[PDB]
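Quick note on labels: first sequence line is chain A, next is B, and so on, each numbered from 1.
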Amino acid sequence: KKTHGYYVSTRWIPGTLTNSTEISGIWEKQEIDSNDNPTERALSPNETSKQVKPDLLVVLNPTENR
RNA sequence: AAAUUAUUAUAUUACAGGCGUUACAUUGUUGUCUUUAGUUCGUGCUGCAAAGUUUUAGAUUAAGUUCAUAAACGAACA
Ligand SMILES: [K+]
Ligand SMILES: [K+]
Ligand SMILES: [Mg+2]
Ligand SMILES: [Mg+2]
Ligand SMILES: [Mg+2]
């Protein structure tokens, strides 16, 4: 919340990054400006299926998240 | 403009007809049982590879009954 980031506390689905289109394509994306405010522009179906890859991954328990 | 064509009857010959054979040559239908949370496809992942996809020989119910879970995640039909 304080970094405007994302988190996963329940389970890492194997393939979330390598098989992203079969796992995360259905979920909604949004466009934001430099102030992190939603632009409200409707997204083309092309832009809503593209993989959205994290720029940085922080892992609290790496021994259980190989 | 008497020949043509229609119908009908008769005749003619290819045949028609056959509960004749063959359900073990067939269409279709039906009887009986059984498997029917199972197949294939897509992507991902493991193994040099043929292959495998792993927890799990999960829990629960009279029973897929209901639920949980795993490097797997979906889709499609059963
Ligand atoms: K017979
Ligand atoms: K496969
Ligand atoms: Mg005959
Ligand atoms: Mg007879
Ligand atoms: Mg290989």
Side-chain angles (χ1 to χ4, degrees):
Chain A
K1 282 169 54 178
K2 73 170 48 176
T3 65
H4 289 190
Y6 308 81
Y7 85 91
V8 169
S9 68
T10 57
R11 180 200 175 201
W12 176 267
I13 304 304
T16 293
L17 301 172
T18 63
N19 192 22
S20 64
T21 73
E22 297 301 320
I23 298 174
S24 297
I26 57 174
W27 312 133
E28 307 181 14
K29 293 82 178 175
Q30 62 174 0
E31 188 192 31
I32 57 169
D33 56 27
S34 71
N35 282 2
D36 289 355
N37 300 309
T39 60
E40 306 298 347
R41 166 172 82 78
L43 288 174
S44 65
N46 197 1
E47 278 163 329
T48 64
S49 63
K50 184 161 191 58
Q51 174 187 239
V52 176
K53 187 163 59 186
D55 286 287
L56 178 67
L57 174 68
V58 180
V59 182
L60 302 184
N61 56 329
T63 73
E64 305 163 18
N65 286 293
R66 281 291 185 87

- More than 12 heavy atoms of other residues, nucleotides or ligands under 6.0 Å from CG of A/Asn46: is that the case? no
- Message: Please check this pair: side chain of A/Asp33 against backbone of A/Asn35, looking for a donor-acceptor N/O pair closer than 3.5 Å.
- Response: yes
- Looking at CD of A/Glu31 and OG1 of A/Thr48, how far apart are the two atoms once the value is rounded to the nearest 0.5 Å? 13.0 Å
- Query: What's the verdict on side chain to side chain contact (heavy atoms under 4.5 Å, CB included) for A/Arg41 and A/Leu43, showing C-alpha distance, side-chain angles and the deciding distance?
  - Reply: CA-CA 6 Å; A/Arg41 166 172 82 78; A/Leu43 288 174; 3.6 Å; yes
- Might you confirm whether atom NZ of A/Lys29 has over 12 heavy atoms from other residues, nucleotides or ligands at distances under 6.0 Å? yes
In residues 14-25 of chain A, what donor-acceptor pairs under 3.5 Å come from side-chain atoms, sequence neighbours left out?
from	atom 1	to	atom 2	distance (Å)
A/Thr16	OG1	A/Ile13	O	2.7
A/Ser20	OG	A/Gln51	OE1	3.4

- Note on the structure: Quick note, side-chain hydrogen bond (donor to acceptor under 3.5 Å, both in side chains) partners involving residues 56-66 of chain A, not counting sequence neighbours, are A/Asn61-A/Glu64, A/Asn61-A/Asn65
